[PDB]
Structures are given as structure tokens and as C-alpha cells.
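Inspection log for the structure reproduced underneath, given as C-alpha cells.
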Amino acid sequence: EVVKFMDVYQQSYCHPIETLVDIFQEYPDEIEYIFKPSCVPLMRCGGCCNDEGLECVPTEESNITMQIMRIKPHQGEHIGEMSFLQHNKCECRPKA
Amino acid sequence: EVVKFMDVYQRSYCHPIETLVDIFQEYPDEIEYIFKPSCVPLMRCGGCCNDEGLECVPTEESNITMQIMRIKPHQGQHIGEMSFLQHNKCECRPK
Amino acid sequence: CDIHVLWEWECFX
Amino acid sequence: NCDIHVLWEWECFXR
């Protein structure tokens, strides 16, 4: 039940993959709040290139809106919409 | 086409998710060799817990074997099996 | 329900 | 056609 080399290479090559990104990375300005969930499933550029000199970088970007629970202590809590950046296309470019 | 809060919470909560893991930090002792691909798709514990103060950690683990190209420069190329650890079940445990 | 376990709306109540 | 900046064909993994 070994995973075939070409399937391994195709699954690992620089492409957008579901990444769990912390919300504090995307909205650091929102300090007073605690979020639920604290992180979000976003399509983010991941994987390797044919050579070590190259890095997997985003080319096409877009936004997705998501219901997220805002909690400010001594205030209460509500669910608002929040827009998050996602990577649609990826490229292997030299390290600058 | 907004993503409903319950779907967001279910997709984000501490569970094993396909992660692209670098081979060089799983087999550091093998310095002389260059690998293709240089990283591998492994099920690894990821996501958040109900409170920051808990961390998402593996409980049940296994190995998956994968065909990987081993290259020692000026010597030649070979495809061998390589065994990698992967996470089957996850838990939210205190730090 | 428990903090260490995942999910039901009436926890988020 | 087997540029390092592009993904895949077996007849690259020939060399």
C-alpha cells in the first residue's frame, strides 16, 4: 500500500492547499477581541519546487467572507461576516 | 456565498489535516542526499481548540511509506521507499 | 459540554 | 520543455 512516486510528486508540487490560518495574522488590529474559531481554513500557497533556489509564491489572490464569533470581555458576543485573503494560483520564483 | 459559522468551526477544530511536510526536518541525519520531491503530503494534527491555552496534539499515530527519489550528486539517482509518521487522532491538551 | 471536546450550539448559549 | 519553474512529465524524470 506504498504511495506511488508520481502521485507523491503531484500532491507535493507548489499549489494552493487548505491551510488553517490564525485570525490574529489577518486582523491583528482587532486586539480587544477573542475570536471563535481562533483560526480559519483558507486556500494558501504551499508545497515544494523542482529546485531549492525556488520558492512557492501566490500569483492570483481573492477574498472569501466567513461568519466568525467576536467576543469582547465585559461586552457580550456576536457573529459577524469577516473577509479573508485566499491564493488561487501559485508559481515557483527565485528567492529575492 | 458566505461560509456559515458552524461549517467554519467544524472545518477549523483540532483534527488531522493534509500538511506538506519538508523531508529535511524528518530525516536531518541524511545531509549528503537531495530529495525529489523535497516535501511530502502527511496527515498532521492541525486547527484550533475552544480556548488558547489548549494545543492540538496527536494521540493515535502510524507510518506511511512513499516512493521518493534519492540523489547523491555525481553518483546517480534512485527511487526508494521512505517511511513518514502521520497522525490518525488528535486531542486538545493543556500547555 | 467539556472544553477539551469538539461542537453543539446550545455550548456557544 | 522541462523548465525547473514548471510542474511534471515522466519523459523530465528520462534524464
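The numbers here are math on the coordinates, done by the rules we state, and not lab data. Methodologically, a virtual Cβ is constructed for each residue, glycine included, from the backbone with ideal geometry; neighbour enumeration extends over all protein chains shown.
If I take every Cα pair under 8 Å that is 6 or more residues apart in chain B, average their sequence separation and divide by the length, what percent do I get for the relative contact order? Before the final figure, lay out each step's value.
Working: 176 pairs, mean separation 29.1, N = 95.
So the answer I get is 31 percent.
Not counting the cut sites, what is the longest span of chain A without trypsin sites (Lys or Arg not before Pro) that DSSP labels loop and that have at most 15 other Cβ atoms within 10 Å?
Values: sites that count: A:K4, A:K95.
In chain A, the maximal stretch lacking such sites is A:5-94.
Quick one: Karplus J couplings for segment B:52-65, per residue in order, coefficients 6.51, -1.76, 1.60, θ = phi - 60°, nearest Hz, x for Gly and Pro?
Values per residue, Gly and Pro as x: 5, x, 8, 10, 6, 10, x, 10, 9, 10, 8, 10, 10, 8 Hz.
In this model, which of A:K36/B:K95; A:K72/A:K95; A:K4/B:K89; B:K4/B:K89; A:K95/B:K72; A:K36/B:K89 are farther than 30 Å apart at the alpha-carbon? Before the final figure, lay out the partial values.
Details: A:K36/B:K95 19 Å; A:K72/A:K95 41 Å; A:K4/B:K89 25 Å; B:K4/B:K89 25 Å; A:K95/B:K72 24 Å; A:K36/B:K89 22 Å.
Too far apart for the 30 Å limit: A:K72/A:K95.
What are the ³J(HN,Hα) values, in whole Hz, obtained from phi via the Karplus relation 6.51 cos²θ - 1.76 cosθ + 1.60 with θ = phi - 60°, for each residue of segment B:35-48 in sequence order, with x given for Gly and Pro?
Values per residue, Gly and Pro as x: 9, 9, x, 7, 9, 9, x, 10, 5, 10, 4, x, x, 10 Hz.
Under the Karplus relation 6.51 cos²θ - 1.76 cosθ + 1.60, θ = phi - 60°, what is the ordered set of whole-Hz ³J(HN,Hα) values for segment A:71-82, x standing for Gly and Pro?
Per residue, the Karplus-derived 3J(HN,Hα) values read 10, 9, x, 6, 10, x, 7, 8, 9, x, 7, 9 Hz.
Compute the Cα gyration tensor for chain B, then decide on rounded, prolate or oblate, letting a ≥ b ≥ c be the square roots of its eigenvalues: rounded whenever a/c is under 1.5, prolate when a/b is larger than b/c in the other cases, and oblate in all that remain. Don't skip to the end; give the middle numbers.
Numbers: a/c = 3.09, a/b = 2.29, b/c = 1.35.
It comes out prolate by the Cα gyration axes.
Taking a virtual spin label 7 Å from the Cα of B:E60 along the C-beta vector, which residues in segment B:1-16 bring their backbone nitrogen under 17 Å of it?
Hits in segment B:1-16 for B:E60 at 17 Å: B:14-16.
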